[PDB]
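Chain letters run A, B, ... following the sequence lines, proteins first, then strands; residues in each count from 1. The basis for the numbers below is simple: all heavy atoms, side chains too, and nothing from hydrogens, waters or symmetry mates.
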Amino acid sequence: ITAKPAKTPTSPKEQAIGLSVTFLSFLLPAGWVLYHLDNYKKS
Amino acid sequence: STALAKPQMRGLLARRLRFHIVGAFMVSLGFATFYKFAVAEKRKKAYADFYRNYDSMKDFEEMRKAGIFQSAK
Amino acid sequence: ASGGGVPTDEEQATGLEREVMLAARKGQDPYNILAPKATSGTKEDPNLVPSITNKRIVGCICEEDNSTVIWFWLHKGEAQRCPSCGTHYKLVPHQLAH
Amino acid sequence: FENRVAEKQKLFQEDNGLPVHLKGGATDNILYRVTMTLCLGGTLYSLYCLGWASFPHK
Amino acid sequence: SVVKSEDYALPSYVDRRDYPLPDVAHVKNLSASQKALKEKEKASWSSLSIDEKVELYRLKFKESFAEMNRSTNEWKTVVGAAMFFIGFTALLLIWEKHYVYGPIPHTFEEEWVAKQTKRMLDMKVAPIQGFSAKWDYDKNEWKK
Amino acid sequence: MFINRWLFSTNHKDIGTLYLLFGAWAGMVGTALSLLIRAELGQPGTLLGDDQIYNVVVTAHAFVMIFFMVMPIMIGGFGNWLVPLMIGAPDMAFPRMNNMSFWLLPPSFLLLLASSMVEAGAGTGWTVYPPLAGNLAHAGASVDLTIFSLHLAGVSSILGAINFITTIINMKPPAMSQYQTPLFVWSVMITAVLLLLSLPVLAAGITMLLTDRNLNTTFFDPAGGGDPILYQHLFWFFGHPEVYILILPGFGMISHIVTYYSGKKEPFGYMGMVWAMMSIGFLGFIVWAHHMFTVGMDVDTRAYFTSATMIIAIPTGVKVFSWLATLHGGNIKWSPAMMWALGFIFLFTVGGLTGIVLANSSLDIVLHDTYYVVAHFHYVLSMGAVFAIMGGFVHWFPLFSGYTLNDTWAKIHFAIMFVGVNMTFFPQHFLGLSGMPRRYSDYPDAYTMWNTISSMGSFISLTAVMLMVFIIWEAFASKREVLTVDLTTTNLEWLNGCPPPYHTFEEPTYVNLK
Amino acid sequence: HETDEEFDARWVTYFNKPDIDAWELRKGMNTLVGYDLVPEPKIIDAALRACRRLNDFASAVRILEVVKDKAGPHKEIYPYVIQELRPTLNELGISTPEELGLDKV
Amino acid sequence: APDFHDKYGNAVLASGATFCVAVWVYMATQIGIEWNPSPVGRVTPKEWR
Amino acid sequence: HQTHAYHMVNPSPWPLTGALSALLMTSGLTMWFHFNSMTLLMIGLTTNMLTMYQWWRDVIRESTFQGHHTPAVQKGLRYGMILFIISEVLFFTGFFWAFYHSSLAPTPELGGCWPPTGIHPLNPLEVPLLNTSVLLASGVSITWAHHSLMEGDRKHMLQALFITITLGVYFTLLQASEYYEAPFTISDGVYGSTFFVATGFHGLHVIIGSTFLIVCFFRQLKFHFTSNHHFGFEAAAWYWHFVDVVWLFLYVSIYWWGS
Amino acid sequence: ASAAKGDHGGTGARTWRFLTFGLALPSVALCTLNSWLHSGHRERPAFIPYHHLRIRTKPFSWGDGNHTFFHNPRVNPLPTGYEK
Amino acid sequence: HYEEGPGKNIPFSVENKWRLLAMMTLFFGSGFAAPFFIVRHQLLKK
Amino acid sequence: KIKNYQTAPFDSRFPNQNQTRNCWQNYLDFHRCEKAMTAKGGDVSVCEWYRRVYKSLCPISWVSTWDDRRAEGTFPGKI
Amino acid sequence: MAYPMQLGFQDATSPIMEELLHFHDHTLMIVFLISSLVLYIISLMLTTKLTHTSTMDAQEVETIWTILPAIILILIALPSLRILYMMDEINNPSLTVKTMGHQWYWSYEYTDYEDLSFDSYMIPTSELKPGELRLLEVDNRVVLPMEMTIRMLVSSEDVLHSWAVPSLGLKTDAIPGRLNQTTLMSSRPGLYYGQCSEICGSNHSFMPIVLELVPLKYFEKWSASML
Ligand code: HEA
Ligand SMILES: CCCCC/C=C\C/C=C/C/C=C\C/C=C\CCCC(=O)O[C@H](COC(=O)CCCCCCCCCCCCCCCCC)COP(=O)(O)OCCN
Ligand SMILES: CCCCC/C=C/C/C=C/CCCCCCCC(=O)O[C@H](COC(=O)CCCCCCCCCCCCCCC)COP(=O)(O)OCC[N+](C)(C)C
Ligand SMILES: CCCCCC/C=C/CCCCCCCCCC(=O)O[C@H](COC(=O)CCCCCCCCCCCCCCC)COP(=O)(O)OC[C@@H](O)CO
Ligand SMILES: CCCCCCCCCCO[C@@H]1O[C@H](CO)[C@@H](O[C@H]2O[C@H](CO)[C@@H](O)[C@H](O)[C@H]2O)[C@H](O)[C@H]1O
Ligand code: CUA
Ligand SMILES: [O-][O-]
Ligand SMILES: [Cu+2]
Ligand SMILES: [Mg+2]
Ligand code: NA
Ligand code: NA
Ligand SMILES: [Zn+2]
């Protein structure tokens with residue numbers, strides 16, 4: 001396939017930001033829950 | 001210098017296919033021979049050799065003396 | 001035993017249903033219900049492809065019972081050829097439904 | 001009864017840009033509004049009932 | 001030169017080694033001198049210079065076969081980045097073992113395991129091949 | 001306008017888009033449940049609780065992955081987007097009923113979430129066998145909310161099947177016979193027949209479970225003369241066709257991908273592929289009791305279900321070899337989508353072969369309700385249905401959106417996922433053969449090493465799933481607009497540009513009869 | 001079905017048609033390279049002379065490139081074909097891709 | 001012109017490889033995971049009764 | 001402007017309201033079963049009827065009043081209805097499988113026999129035979145209705161269709177009386193379970209089919225059907241023959257052979 | 001079979017009306033005769049608390065939880081016997 | 001009519017990539033987070 | 001009168017994995033035989049074989065429930 | 001029992017389980033060979049620049065790749081079904097033992113002669129004696145005579161369970177209202193473990209099975225002592 005160059009290029013820095021935000025959005029709430037499992041169980 | 005000889009120019013892909021499928025077939029027979037000797041027959045002989053002179057009462061008495069049983073001390 | 005009182009399609013069909021009905025009576029197929037029959041497809045005798053715009057997708061079944069259909073846009077102008085079998089197609093643009 | 005289909009065909013073919021479910025007139029809009037209000041209202045209430053049934057009542 | 005979105009229904013250029021002669025020329029608009037070059041192409045090609053021949057090729061085609069078939073270093077990026085994210089995953093596993101997992105049962109303590117091993121051997125667990133078969137009941141040691 | 005367009009749609013592309021968004025969200029839900037499973041099992045002992053919370057998680061994992069992720073993506077998503085384009089149709093036969101098929105799924109998913117929030121959830125297995133699932137051992141609303149969740153998903157798919165069958169039979173160009181429609185179109189139609197015939201039987205069985213639970217019927221209760229094994233027959237009468245429903249659209253997408261990235265105009269042996277998909281669909285209805293080899297059935301019955309299950313390898317093998325023959329002589333393009341399809345061919349073949357091991361009732365005595373089964377079905381679902389989804393998504397993402405993915409990121413994504421799924425599931429064969437049961441929150445100590453590796457694998461798949469979200473974001477963020485696509489003469493769905501207009505084929509294609 | 005000799009003759013005849021047009025030239029070469037063979041010199045010779053009648057130098061060079069490509073790893077075929085075409089290449093003024101530097105990546 | 005892979009390929013490969021090995025070896029040996037390997041050839045059996 | 005014959009439907013709210021009505025009915029049943037309350041359920045049943053009413057109203061507007069049902073569109077509706085009926089056959093098939101499974105292998109709790117100890121089946125020669133003659137007769141009258149419509153005879157269409165509907169109502173009233181008079185109940189083991197669930201879903205389908213016939217009756221009164229274009233009537237007739245054939249299978253299997 | 005009628009000159013409204021009034025409805029009228037004739041109540045059987053009958057694993061969601069939906073006092077005993 | 005073309009045939013905006021990132025994060029993040037919070041809800045009952 | 005009973009032998013009427021009807025039939029046969037003998041002025045010892053078989057095969061809780069129901073008047077089998 | 005890092009089946013304790021081992025070896029060789037062949041052919045198709053993209057005739061090769069799989073299937077089904085019917089054969093048991101599944105433990109009934117029955121519960125991890133196996137030991141083992149044919153009868157008094165002993169090749173579902181039959185014959189004395197093999201609620205993972213195989217005289221005295 002052929003395509004145009006990006007209309008709004010995403011530089012390496014922007015990509016590191018989108019990658020970091022994306023991972024944190026999965027990792028932090030589940031991490032919070034698993035971290036506090038004991039509190040939930042032996043509540 | 002000298003002219004180059006005319007090489008084979010037709011059916012090159014089909015020729016490669018034929019040659020490697022026969023090679024796959026001869027490897028497949030070689031592996032089945034290995035497998036039948038390293039796994040299947042090995043297992044048949046381990047079981048046969050184990051039970052050939054197996055003494056189940058002697059086996060039991062060893063277990064009994066080691067203390068493993070609820071019903072037999 | 002048998003009076004009337006039920007309308008017919010001729011009396012009461014409307015909209016596109018009626019347009020299809022009336023065109024069929026004239027032997028016409030403006031809404032593409034039938035498969036067109038091929039010509040010989042030469043440059044002199046090309047398959048004539050009606051359209052209401054200046055391009056139409058053709059699918060070419062190059063040989064009878066091919067499962068593969070060859071698709072391409074046919075444009076207003078000089079006849080074009082199927083990229084697989086070469087048979088000729090020519091667009092004939094027109095006016096208000098086919 | 002008389003056959004009045006032609007009048008309904010004129011009404012529903014009128015070039016007023018209305019979608020078919022509103023093309024009969026203001027009574028369509030009322031019926032639409034009653035239906036969607038009951039559906040959306042009832043859905044919020046089902047969420048309230050889920051939230052209630054999600055916790056023990058000793 | 002410039003390909004537009006609004007051109008999708010028109011015959012288009014492609015460099016594909018299995019489609020050597022595409023449906024259109026790479027360059028359709030010609031300068032004054034490129035026009036003169038196309039006229040000279042109608043006479044003997046022996047009178048074309050090397051540069052004129054390369055230019056005629058570059059009007060018709062975008063990339064040559066050697067160019068379009070070239071290999072790349074992309075595999076290095078792919079394999080290295082994959083190993084990075086696999087390495088990242090171990091950080092998640094480190095975190096999980098530190099903050100989520102508690103102690104494992106006492107049956108994995110070294111002395112428990114040694115006694116369980118003796119007991120498994122006393123009951124002759126898998127004596128034909130799998131476990132006790134690998135113990136030498138005469139020399140009181142694991143078989144070599 | 002926004003409400004008109006996205007809540008009131010009668011457009012096959014927009015509805016297809018709704019299904020892809022819904023399935024993607026469900027896939028996040030199913031992934032989290034899969035990680036909770038493997039966190040529980042990743043070290044010996046108890047992490048979350050006893051088997052009740054654990055099997056609520058297992059049950060939801062299965063329902064979400066099957067009914068809210070694979071089926072909506074393959075059938076609702078790819079089927080709605082591609083089927084009308086691939087036959088030159090202006091939309092589906094029933095464009096407004098099509099929209100209700102979609103809008104029944106968020107309610108269905110809400111009922112499943114509700115079931116896990118009330119009481120102690122439905123800790124039943126996705127098979128929902130009684131008496132565990134009846135009103136004494138699972139008192140309260142959770143199991144009934146599960147049953148109603150299934151009823152809505154079942155209505156959604158039955159109406160969808162009717163819509164797909166009618167569209168594919170009735171809305172091709174008049175010159176196009178059924179034997180000139182692409183293989184993906186065939187795979188959807190055959191999938192739709194299977195849905196039509198199988199889901200009403202599921203619906204009858206779960207309805208009988210509902211009435212045993214709430215109206216004092218005793219279909220499955222021996223005190224009234226009923227039979228727990230009757231439920232198992234009715235469920236698997238649906239449940240075996242359901243796994244062919246889960247793979248057939250995948251087979252069709254694989255045929256198209258392998259043909260495309262081999263640079264071929266057509267798959268090898270088209271009529272053989274049609275024959276094979278129909279044969280699989282038919283044999284898929286006469287083999288259900290191979291899910292019941294340990295229930296106490298007569299030996300002749302076991303012998304029949306053994307042999308009829310094994311014969312399905314023959315048409316399936318024709319498809320695998322025909323894919324290999326499509327590669328043969330191709331101008332191979334090593335695109336990310338081609339990697340998914342190649343992984344599919346090999347890893348679906350492995351899981352199909354362990355299915356054949358399991359078809360032998362004698363051996364299945366020992367393998368049944370062990371992780372050997374879990375390994376089999378994740379080779380064909382995590383490395384089969386899912387690989388065809390990922391291959392299809394990367395290949396057609398530019399058609400649906402008008403934008404290109406970054407191919408290097410997509411290859412990185414493939415490599416990570418490939419390592420993670422094999423690390424996850426390959427060791428489960430050993431756990432199976434050595435006796436580890438299904439649906440255990442904890443295991444005897446000896447099983448520790450393979451469970452530890454298997455859970456580490458599941459974390460690698462997690463990293464791939466997260467990376468996938470970033471890759472989709474990078475595509476929409478950079479806005480690289482498609483220009484030219486190769487091979488449009490044999491891939492009609494690309495011929496209206498990227499993305500195609502809202503209305504396509506307003507003027508139908510021209511195809512003559514000759 | 002037909003002999004190798006009948007195949008080649010059908011293809012030599014195809015390209016020798018005096019008034020072959022540009023579409024027919026492209027269709028012939030694009031179809032030909034689908035086959036499991038590298039085309040005989042006498043076929044390429046006829047295609048090159050069709051290029052000449054069509055005043056298309058560039059497609060002549062491209063046809064030589066595709067001969068090389070169709071040979072795959074068999075590095076001996078292309079220099080043999082070029083050897084055999086040299087009198088035609090000289091008579092027509094057709095430079096090879098290598099003589100034009102178009103074999104450089 | 002040299003693309004991203006010409007410029008940074010060697011370094012991504014080398015660094016990804018080295019980081020991946022180091023962190024998995026660390027996770028596998030240094031944080032108390034119980035692999036539960038075979039006792040064969042490793043454990044001295046001890047009286048239990 | 002299109003130049004194919006298929007129907008592009010205006011964007012509609014009823015898929016959404018039908019789907020929410022399904023949520024409200026199923027969560028309503030849950031609340032009724034487990035939280036002693038009928039409110040959600042009645043809301044769902046109301047929105048469900050509203051949805052059906054407006055949706056099929058619109059289909060009539062689109063066809064009779066707007067003319068979108070070309071022959072190609074009609075052919076599609078034909079397939080759709082056939083496929084819908086096939087799905088309903090397979091639904092009943094699961095209940096017949098349950099019935100045969102339990103009655104062909106009666107368990108010790110039943111006395112090891114069928115009919116179970118303590119069950120006194122209805123006499124299949126009394127009201128069940130009457131029900132059979134009724135539905136069979138309605139199959140004959142609906143066919144007379146069909147032929148009258150094709151021959152353009154408005155009065156005899158209406159008369160035959162009215163006779164058909166009266167018979168459907170008769171069946172329903174007879175069945176409701178038999179339910180009340182039956183000495184066994186749905187809680188009487190697997191006999192009562194299979195009996196009332198299978199005949200109960202059949203009776204629901206009789207009520208749906210009768211409603212569909214009544215819709216055709218009022219549409220006929222308003223001259224909607226032509227002598228050649230009347231697919232709603234054909235669909236209602238196909239559905240009516242399906243309800244008839246299911247009865248015959250129930251009669252032979254459960255009332256007669258299972259007695 | 002051929003039943004034992006005949007006709008088949010063609011298929012028409014008139015023939016199906018003939019069948020409706022000359023065969024179908026007279027059949028209904030005859031079975032209506034047969035049924036409402038063998039009508040009348042029959043002696044309800046002795047009550048035996050069989051454990052496979054009068055099942056109650058959960059209260060019914062109406063009434064007092066112990067009555068079936070179309071409970072008939074004359075012929076439907078409760079788990080504890082007939083109503084009084 | 002409706003808007004046609006890249007970025008316009010979808011129920012969410014891609015006009016600003018950072019707002020897109022936030023929308024996609026909430027969308028996929030809420031799906032992934034939900035089972036952890038349901039597990040927590042169930043443990044916090046009993 | 002043929003004893004050295006060890007356990008219930010293979011019975012060709014019940015050759016399959018599901019043995020429920022084997023237990024049930026021998027339970028009925030024993031209690032039918034006992035009723036015949038108790039009445040007609042005979043001795044239940046002729047019923048012994050059925051009693052051995054059903055005791056061997058039948059779960060304790062099945063016998064105990066069936067016994068309770070015969071006592072109550074609610075046993076659905078014919079004896 | 002299973003041992004750490006185990007790859008395959010537990011060693012066979014009965015002739016039938018020994019048959020299954022050899023049949024699995026036979027089937028696994030075919031699985032390896034077909035899997036390997038597919039992997040190899042894939043790699044072959046992908047490793048040449050030679051092309052051939054015109055239409056390919058199929059019907060010739062489709063004979064091969066329908067016939068050879070059919071033969072392979074017959075070569076599996078033949079030993080498969082021989083074992084199936086061999087397992088079904090009449091045997092004349094010396095002893096009948098019943099097991100009833102419960103939430104969450106097994107009871108056993110030996111009622112050929114006396115009314116002997118008892119409950120069998122997992123040993124809790126806090127009460128294991130050193131050397132004992134976590135989640136697998138029970139308080140009251142299922143003592144049985146070795147080298148003898150035993151009829152096991154399996155049912156349940158609540159939900160489904162399934163009664164399994166991998167090294168004897170045994171798995172029989174425990175269904176309420178149903179009495180399922182299997183046969184058991186151990187070639188050796190010793191201790192043989194299994195686990196509940198149908199999901200059955202909160203303690204599904206924790207209701208194991210332990211058979212204790214001993215000579216007939218020990219079994220008889222144990223039985224008398226359990227009255
Ligand atoms: C997409 C899903 C999918 C697919 C496609 C399949 C495909 C098959 N499955 Fe599987 N299966 C499941 C999903 C799937 N399965 C699930 C979810 C379960 C468990 C359900 C539960 O309990 O929850 C399961 C359970 C299951 C069981 C029950 C085991 C048990 O519970 O004890 C069995 C038994 O026969 C079985 C067999 C098969 C077979 C023979 C195929 C065949 O279709 C495979 C055919 C393919 C090949 C054989 C490979 C290609 C062929 C060749 C290359 C030709 C040459 C090959 C030979 C000559 C053999 N499956
Ligand atoms: C007049 C002739 C026809 C009568 C119809 C009366 C109402 C029935 C409506 C039809 C529904 C059919 C099946 C529902 C299940 C049971 C109803 C069986 C028919 C019936 O009405 O059975 C009655 C019991 O009703 C009961 O329990 C109460 C039942 C009320 C609640 C119904 C429960 C919910 C239904 C679930 C629907 C799921 C639908 C399928 C979705 C599939 C998606 C693919 C029998 O009365 P009885 O007093 O026990 O004995 C008579 C003694 N003199
Ligand atoms: C479980 C165990 C299963 C094991 C399965 C093992 C599979 C073994 C497969 C072996 C395949 C052998 C196939 C032989 C087919 C021969 C067809 C033929 O004979 O070739 C042609 C027909 O072509 C055509 O359909 C197109 C040519 C190819 C047609 C057949 C291609 C099949 C390719 C398969 C590739 C391997 C994929 C499957 C591997 C399992 C005719 O060619 P010509 O030279 O005349 O034309 C060239 C023109 N000239 C020469 C005149 C210049
Ligand atoms: C106690 C009850 C509780 C549950 C509620 C059930 C309520 C009953 C609803 C009964 C069904 C009524 C259906 C009315 C349909 C009217 C619309 C219609 O019939 O529309 C026709 C098209 O057919 C079409 O869509 C036909 C589409 C109709 C399919 C309907 C089939 C029945 C489905 C009902 C749901 C069953 C659920 C069963 C439980 C599992 C219009 O085309 P024509 O007739 O050719 O006219 C055109 C001519 O005028 C031109 O000259
Ligand atoms: C299966 C999917 C999950 C894979 C593993 C996830 C990787 C974890 C990501 C980090 O998650 C965070 O971890 C912190 C710990 O590192 C937690 O802070 C907790 O710990 C901190 C340090 O003890 C305290 O400062 C905080 O207040 C306390 O919330 C925090 O809540 C949680 O969001
Ligand atoms: Cu008992 Cu699982
Ligand atoms: O189901 O395989
Ligand atoms: Cu199956
Ligand atoms: Mg099981
Ligand atoms: Na655990
Ligand atoms: Na009609
Ligand atoms: Zn063509």
Side-chain angles (χ1 to χ4, degrees), chain B residues 11-28, chain E residues 16-18 69 71 75, chain F residues 183 251 253-270 272-273 276 316-350 352-353 383-384 387-388 391 395 411 414 418 486-487 490, chain G residues 33-37 69-74, chain M residues 33-58 60-62 64-65 68-69:
Chain B
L12 297 178
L13 179 79
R15 177 157 164 279
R16 169 183 180 274
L17 175 67
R18 178 169 143 171
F19 172 93
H20 286 102
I21 286 300
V22 172
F25 169 79
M26 307 299 185
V27 171
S28 286
Chain E
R16 293 189 58 104
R17 66 196 189 94
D18 52 4
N69 294 337
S71 284
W75 72 269
Chain F
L183 290 186
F251 289 168
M253 291 194 280
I254 293 295
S255 292
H256 284 239
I257 293 170
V258 170
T259 300
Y260 193 90
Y261 295 100
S262 303
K264 303 290 190 77
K265 73 186 170 182
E266 67 212 9
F268 183 92
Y270 170 95
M273 296 298 240
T316 310
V318 167
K319 302 195 68 53
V320 166
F321 298 129
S322 298
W323 292 323
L324 300 184
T326 304
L327 296 167
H328 180 57
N331 174 17
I332 299 309
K333 173 169 279 185
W334 289 89
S335 62
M338 180 64 122
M339 297 178 182
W340 287 108
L342 294 179
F344 180 96
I345 294 167
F346 172 64
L347 299 167
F348 173 82
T349 290
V350 173
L353 287 165
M383 305 180 230
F387 273 39
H395 174 59
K411 299 177 190 187
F414 170 75
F418 183 94
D486 305 338
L487 308 175
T490 49
Chain G
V33 292
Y35 301 134
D36 177 19
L37 56 91
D69 196 79
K70 282 293 296 187
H74 295 282
Chain M
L33 233 15
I34 298 172
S35 284
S36 289
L37 182 72
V38 168
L39 183 60
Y40 175 70
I41 290 166
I42 273 169
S43 78
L44 181 67
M45 300 299 88
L46 299 170
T47 42
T48 182
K49 289 293 191 41
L50 295 170
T51 54
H52 178 178
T53 63
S54 34
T55 292
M56 290 180 178
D57 202 285
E60 7 87 311
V61 67
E62 301 229 348
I64 301 305
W65 71 44
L68 262 64

Taking all non-hydrogen atoms of both residues, which atom of [X] and which atom of [Y] are closest, and how far apart?
| X | Y | answer |
| --- | --- | --- |
| G:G34 | G:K70 | C-NZ, 4.3 Å |
| F:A341 | F:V258 | CB-CG2, 3.9 Å |
| M:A58 | F:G269 | CB-CA, 3.9 Å |
| F:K411 | F:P336 | CE-CD, 4.1 Å |
| F:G391 | F:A337 | O-CB, 3.4 Å |

Problem set entry | Stepwise side chain to side chain contact (heavy atoms under 4.5 Å, CB included) test for E:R17 and M:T51 | CA-CA 10 Å; E:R17 66 196 189 94; M:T51 54; 3.7 Å; yes
Problem set entry | Derivation and outcome, side chain to side chain contact (heavy atoms under 4.5 Å, CB included), residues F:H395 and F:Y261 | CA-CA 10 Å; F:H395 174 59; F:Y261 295 100; 2.5 Å; yes
I want to check something: taking the side chain as every heavy atom from C-beta on, are [X] and [Y] in contact at a cut-off of under 4.5 Å?
| X | Y | answer |
| --- | --- | --- |
| G:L37 | M:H52 | no |
| F:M273 | F:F251 | no |
| M:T55 | F:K265 | yes |
| F:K333 | F:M338 | no |
| F:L183 | F:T259 | no |
| F:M383 | F:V350 | no |
| M:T48 | F:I332 | no |
| M:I42 | F:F346 | yes |

Exercise. Passes side chain to side chain contact (heavy atoms under 4.5 Å, CB included), G:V33 versus G:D69? Steps please.
Worked result: CA-CA 10 Å; G:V33 292; G:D69 196 79; over 6 Å; no
For this session: Over 60° means perpendicular and under 30° means parallel, so classify the ring planes of M:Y40 and B:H20, tilted if in between.
Result: tilted
From [atom1] ([X]) to [atom2] ([Y]), nearest 0.5 Å:
| X | Y | atom1 | atom2 | result |
| --- | --- | --- | --- | --- |
| M:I34 | M:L39 | CD1 | CG | 14.0 Å |
| M:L46 | F:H328 | CG | NE2 | 12.0 Å |
| F:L347 | M:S35 | CG | OG | 9.5 Å |
| F:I254 | F:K319 | CD1 | NZ | 10.5 Å |

Exercise. Has the side chain of G:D36 got a donor or acceptor atom that lies under 3.5 Å from a matching backbone atom of B:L13?
Worked result: yes
Problem set entry | Check: M:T47 side chain, M:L44 main-chain N or O, donor-acceptor pair, under 3.5 Å | yes
Between side-chain atoms of residues 320-327 of chain F and protein atoms elsewhere (two or more places apart, or another chain), which donor-acceptor pairs fall under 3.5 Å?
unit_1, atom_1, unit_2, atom_2, d
F:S322, OG, F:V318, O, 2.7
F:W323, NE1, F:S255, OG, 2.9
F:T326, OG1, F:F268, N, 3.0
F:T326, OG1, F:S322, O, 2.8

Seminar exercise, completed: Those residues at least two apart in sequence (or on a different chain) that pass side-chain contact (heavy atoms from CB on, under 4.5 Å) with E:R16 are E:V14, E:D18, E:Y19, F:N331, F:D486, F:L487
Exercise. Got a sec, which residues hit side-chain contact (heavy atoms from CB on, under 4.5 Å) with G:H74, two or more places apart in sequence or on another chain?
Worked result: B:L12, G:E76, G:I77, M:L50
Exercise. Between the side chains of F:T490 and F:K264, is a donor N or O closer than 3.5 angstrom to an acceptor N or O?
Worked result: no
For this session: Would you please indicate yes or no on a ring centroid separation below 6.0 angstrom for F:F348 and F:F387?
Result: no
